[PDB]
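Read through the structure below, which is laid out as structure tokens, and then see the notes.
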Amino acid sequence: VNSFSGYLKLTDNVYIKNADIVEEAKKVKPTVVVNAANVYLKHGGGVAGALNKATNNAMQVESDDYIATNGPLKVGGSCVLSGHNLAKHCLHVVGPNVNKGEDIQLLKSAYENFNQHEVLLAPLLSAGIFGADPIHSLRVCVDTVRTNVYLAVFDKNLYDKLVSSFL
Ligand SMILES: CNC(=O)Nc1ccc(C(=O)N[C@H]2c3ccccc3C[C@@H]2C(=O)O)cc1
């Protein structure tokens, strides 16, 4: 039993809710919140900008030190950093950005990072400003992630479309 509330169950291990991931993180304090990161951990907009703003820029400060030490992430890769006031940990995962021309097949590799964590609160990777089809992202999530994932979808219209079209 966990504290996630109001989710629709899609499969054995995937759950979905129309919610603001920032507000959801603030209320649940999950062990892991996933950030829709880029390789430079520059949290300017989308989910990343929202999560970082909610940390009063502490996420960005920590991220800049991480990059200065380790260099950029790979597309499809991830790193674990602090969750600050939102979660115990933040798993920064880089899905391909279609608006940068990155290979969508890398979306499966990106979701594989979730399997290293038993339970996660997450957005749909590569959705929103990353330019992928969220219906496709949900399909890859369901077919790749085996651990327990609670997906937060900010847009109610998109949420309803994702549920209604789910196979
Ligand atoms: C004050 N609170 C807030 O600003 N919250 C806030 C702001 C923006 C987003 C967002 O862009 N999310 C989408 C996003 C972004 C980048 C990559 C993939 C996805 C999928 C997400 C979705 O469409 O569900 C989510 C929450």
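Positions are given from 1 along the sequence. When a ligand or atom number is given, it counts from 1 through the structure's own listing order. For the numbers below, each heavy atom of this structure counts, side chains included, while hydrogens, waters and symmetry mates do not.
Looking only at protein heavy atoms, the nearest one to atom 23 (O) of ligand 1 is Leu158 CD2, 4.2 Å. In terms of protein heavy-atom proximity, atom 22 (C) of ligand 1 is nearest to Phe154 N, 4.2 Å. Considering only non-hydrogen protein atoms, atom 7 (C) of ligand 1 sits nearest to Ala50 CB, 3.4 Å. In terms of protein heavy atoms, atom 5 (N) of ligand 1 is closest to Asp20 OD1, 3.0 Å.
Near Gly128, meaning under 4.0 Å from any of its heavy atoms, are these atoms of ligand 1: 14 (C), 18 (C), 19 (C), 20 (C). The ligand atoms of ligand 1 that sit less than 4.0 angstrom from a heavy atom of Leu124 are 18 (C), 19 (C), 20 (C).
Looking at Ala127, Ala122, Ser137 and measuring to atom 20 (C) of ligand 1, the nearest heavy atom belongs to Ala127.
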Would you sort out whether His89 and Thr31 count as a side chain to side chain contact (heavy atoms under 4.5 Å, CB included), showing the intermediate values?
CA-CA 6 Å; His89 302 108; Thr31 305; 4.2 Å; yes
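Of the heavy atoms in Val47, both backbone and side-chain atoms come closer than 4.0 Å to ligand 1.
Separating the OG1 atom in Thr147 from the CG atom in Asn113 is a distance of 10.5 Å, to the nearest 0.5 Å. Atoms CG and CG, from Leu138 and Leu151 in turn, are 6.5 Å apart once rounded to the nearest 0.5 Å.
Atom NZ of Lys42 sits in a sparse spot, with 12 or fewer heavy atoms from other residues, nucleotides or ligands closer than 6.0 Å. The environment of NZ in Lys29 is crowded: more than 12 heavy-atom neighbours from other residues, nucleotides or ligands sit within 6.0 Å. Within 6.0 Å of NZ in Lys27 there are more than 12 heavy atoms belonging to other residues, nucleotides or ligands.
The closest approach between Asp155 and ligand 1 stays at or above 4.0 Å for every heavy atom of the residue.
Relative ring orientation between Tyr150 and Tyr7 is described as perpendicular, the plane-to-plane angle rising above 60° on a 0-90° scale split at 30° and 60°.
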